[PDB]
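Q: Sequence positions in the sequence shown follow the authors' numbering and run 23 to 404. C-beta: ideal position from N, C-alpha, C; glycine also.
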Amino acid sequence: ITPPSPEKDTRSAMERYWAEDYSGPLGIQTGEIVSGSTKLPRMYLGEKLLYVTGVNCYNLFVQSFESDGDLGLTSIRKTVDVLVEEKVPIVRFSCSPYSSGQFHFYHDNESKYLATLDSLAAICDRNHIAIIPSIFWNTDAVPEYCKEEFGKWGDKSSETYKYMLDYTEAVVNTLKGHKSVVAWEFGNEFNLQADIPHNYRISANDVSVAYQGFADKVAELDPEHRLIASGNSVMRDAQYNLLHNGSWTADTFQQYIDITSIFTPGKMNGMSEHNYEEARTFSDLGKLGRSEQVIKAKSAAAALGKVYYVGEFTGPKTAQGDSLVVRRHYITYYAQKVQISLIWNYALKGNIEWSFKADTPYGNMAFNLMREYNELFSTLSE
Ligand SMILES: [Cl-]
Ligand code: NA
C-alpha cells in the first residue's frame, strides 16, 4: 500500500520522526493549527504536533574536554547509555566552552573539536535522542576572548560579532545533516544581562542585533529550516521598563509582548522561558500563578508568530527534594499543552550545579516524573 499521510499515520510525532522510512524535514518545524483566520503557531516533528518533556544535560558535549580532557567519547557514551535507559526523548546542552580560558579546546585544533561534536550527534542519531545545542552558553566568553567590551555583541563590525557568525557557521555546518539536532538555540539567558541599572553592560536592542545576526546566519546555512530559538529566561518583570525607563516597574502585558519581540526577533521563532520558583507579575494583570503565566506566555507567542517552550524549570536539587515543587511544573505544562519542557539538570556524575545523576533519590524523582508525563503527552493533540 501507499504510505498514509501524516495525519492518517497513527504513529506519534517522535515515533514517525525516528522511523526508518522517515524522509521528511529534519528537526522542529513551525506550522499552525487553523480555526478560520486564527492561526495558532505550533511545533511539529516528523510532520505531526509535538508534545514532549525532557532534560537539560548541560555538559553532554563539553564534558568531552572539561572532564575527559581529550575531546574523546568516553563520558559521552556513558551519558547516552543513561539517556536511552531512562527513556529521555529530548535534551538541551551547551555547544561551546563556558570560559574563554577553555576556548583553546576549539582553536588548538578546530577540526578535532568539531569531529567530536559530529560524533556526539551521530551517537544521538543512532540512539534516537533529540538534542538542542545552545551555542553561546556563557555570553561573557566571546567578548573576553576577543578582548572587547561586552556590548560589542550588538556591533556588527566587532570581532565579537564576527566570531559569533564564524562559530555559528562552524556549528551549523557540522550539525545540520543530523536528524538528532532538532533546534538551534542562541545561548543561555542572554536577556538577563541587559539594561541592569547597577550592573550596566548591554541593552536589549544590542542583544536583539546579535539574535538577528545569529538567526540570519543559521537560516542561510540550514536547508531543513528547523526551529531557531533564543534560550532566554523569563523576561524580567520590568524587562521593558528597564530598557525604556531604567526602572523596575513591572511591565504591562502589552509591554511584555513588546520586549519579548525584541528578545525574539525576525527569523528566531522559538520563544524560550526558564521557569524558576519566581512568579510573573504584570502591572495591569497583577501577580500570577504558574498556570496563568504559561497561558499568558503562549498568548504572547501566538500573537507574535512564535512558539513557546520551557527551556529550563525547577528540578529536584533546587526543590531541596520536595517532589511537589517539581510536580507543580509538570501539572501546569500538561494542562496548558506546553510542547517542550526541559528540567534542570542531568549530569552523568551529578557534578554540575543544581543537578542530578541517575540511580539516586533525586535522579529517580526527575526521571519518574519525566516518563509519567511523556506518557500523558504522547497522546496529546490540538
Ligand atoms: Cl563537565
Ligand atoms: Na543526584
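Under a Cβ-count criterion, where at least 16 other Cβ atoms within 10 Å of its own Cβ denotes burial, should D381 be classed as buried or exposed?
A: To locate residue 381, count along the sequence shown from 1; it is residue 359. Exposed is the call here.
Q: Residues in the same chain with beta-carbon distance under 8 Å from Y167, minus the five sequence neighbours each way, listed in chain order, please.
A: Residue mapping note: residue 167 aligns to position 145 of the sequence shown, counting from 1. Contacts found: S122, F125, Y185.
Q: Roughly how many angstroms lie between the CA atoms of residue 471 and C146, to the nearest whole one?
A: Shown here, the chain extends from 23 to 404; a query on residue 471 therefore has no answer.
Q: Using a 10 Å radius around the Cβ and a threshold of 16 neighbouring Cβ atoms, would you call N373 buried or exposed?
A: Here residue 373 refers to the residue found at position 351 when the sequence shown is read from its first residue. Exposed.
Q: Could you give the distance in angstroms between the alpha-carbon of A301 and the alpha-carbon of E29?
A: The residue labelled residue 301 in the question sits at position 279 within the sequence shown. The residue labelled residue 29 in the question sits at position 7 within the sequence shown. Cα to Cα, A301 sits roughly 38 Å from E29.
Q: Find out if the Cβ-Cβ distance for the pair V316, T354 is shorter than 8 Å.
A: Taking the sequence shown and counting its residues from 1, the one referred to as residue 316 is at position 294. Taking the sequence shown and counting its residues from 1, the one referred to as residue 354 is at position 332. Yes.
Q: Could you give the first and the last residue of the continuous alpha helix (DSSP H) run that contains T190?
A: As a working note, residue 190 is residue 168 in the sequence shown. First-last of the alpha helix (DSSP H) with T190: 181 to 197.
Q: Would you call the region 30 to 48 and the region 361 to 378 touching, i.e. three or more CB-CB distances under 8 Å?
A: The region 30 to 48 vs the region 361 to 378: no contact.
Q: Taking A205 and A251 to be in contact with their CB atoms under 8 Å, please state how far apart those CB atoms are, rounded to whole angstroms.
A: Locating residue 205 in the sequence shown gives position 183, counting from the first residue. Locating residue 251 in the sequence shown gives position 229, counting from the first residue. Right, their Cβ atoms sit about 5 Å apart.
Q: Over the uninterrupted alpha helix (DSSP H) stretch that includes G123, give me the two end residues.
A: For the purposes of this step, residue 123 is taken as the residue at position 101 of the sequence shown. Note, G123: premise wrong, no alpha helix (DSSP H); not H, not E.
Q: Between the C-alpha atoms of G91 and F127, what's the straight-line distance to the nearest angstrom?
A: The residue labelled residue 91 in the question sits at position 69 within the sequence shown. The residue labelled residue 127 in the question sits at position 105 within the sequence shown. Distance between the alpha carbons of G91 and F127: 9 Å.
Q: So is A41 buried or exposed if we call it buried at 16+ other beta carbons inside 10 Å?
A: Here residue 41 refers to the residue found at position 19 of the sequence shown. Looking at its Cβ environment, which holds fewer than 16 other Cβ atoms inside 10 Å, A41 is exposed.
Q: Cα-Cα, which of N81, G49, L72 is closest to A369?
A: Taking the first residue of the sequence shown as 1, we reach residue 369 at position 347. It is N81 whose Cα lies nearest to the Cα of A369.
Q: Quick test of the definition: if touching needs 3 or more C-beta pairs under 8 Å, does the region 108 to 119 touch the region 360 to 369?
A: Flag = yes, the region 108 to 119 and the region 360 to 369 touch.
Q: Give the single residue among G253, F285, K70 whose Cα lies nearest to the Cα of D217.
A: The sequence position of residue 217 within the sequence shown is 195, counting from 1. The residue with the shortest Cα to Cα distance from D217 is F285.
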